[PDB]
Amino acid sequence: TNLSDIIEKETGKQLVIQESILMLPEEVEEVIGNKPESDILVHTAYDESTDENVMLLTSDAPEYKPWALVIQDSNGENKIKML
């Protein structure tokens, strides 16, 4: 399942992944409130129509197993959804 497809699957918006940032379980847990079992790729796209950052958290390559979805407000606030 393409990473692009997941975002549109989950949100209905057609966004291109602009970056995929690797993070360790501890720094992710600081944000999410849940600790991933290993490293996490933070696939993120800006939605300019809403001025929000859309973040798909996935396991590292080559699996890219979906873990969580975060949408960040124009005001800095996070909407978190475990996948």
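Rigid core: the largest C-alpha set superposing within 1.5 Å between the two forms. One-based numbering along the sequence shown.
> Superpose by the rigid core: which stretch, 70-78 or 11-19, shows more Cα shift in 8 other deposited structures of this protein?
Replying inline: Between the two stretches, 11-19 moves farther in 8 other deposited structures of this protein.
>> On mean Cα temperature factor in this entry, is 65-73 or 5-13 the higher one?
In response: According to the entry, 5-13 carries the higher average C-alpha B-factor.
> Per the entry, where is the mean C-alpha temperature factor higher: 54-62 or 28-36?
Replying inline: Per the PDB entry, the higher value belongs to 28-36.
> Where does residue 83 sit by CA temperature factor within its chain: lowest, middle or highest third?
Replying inline: It belongs to the highest third of the chain when residues are ordered by C-alpha B-factor.
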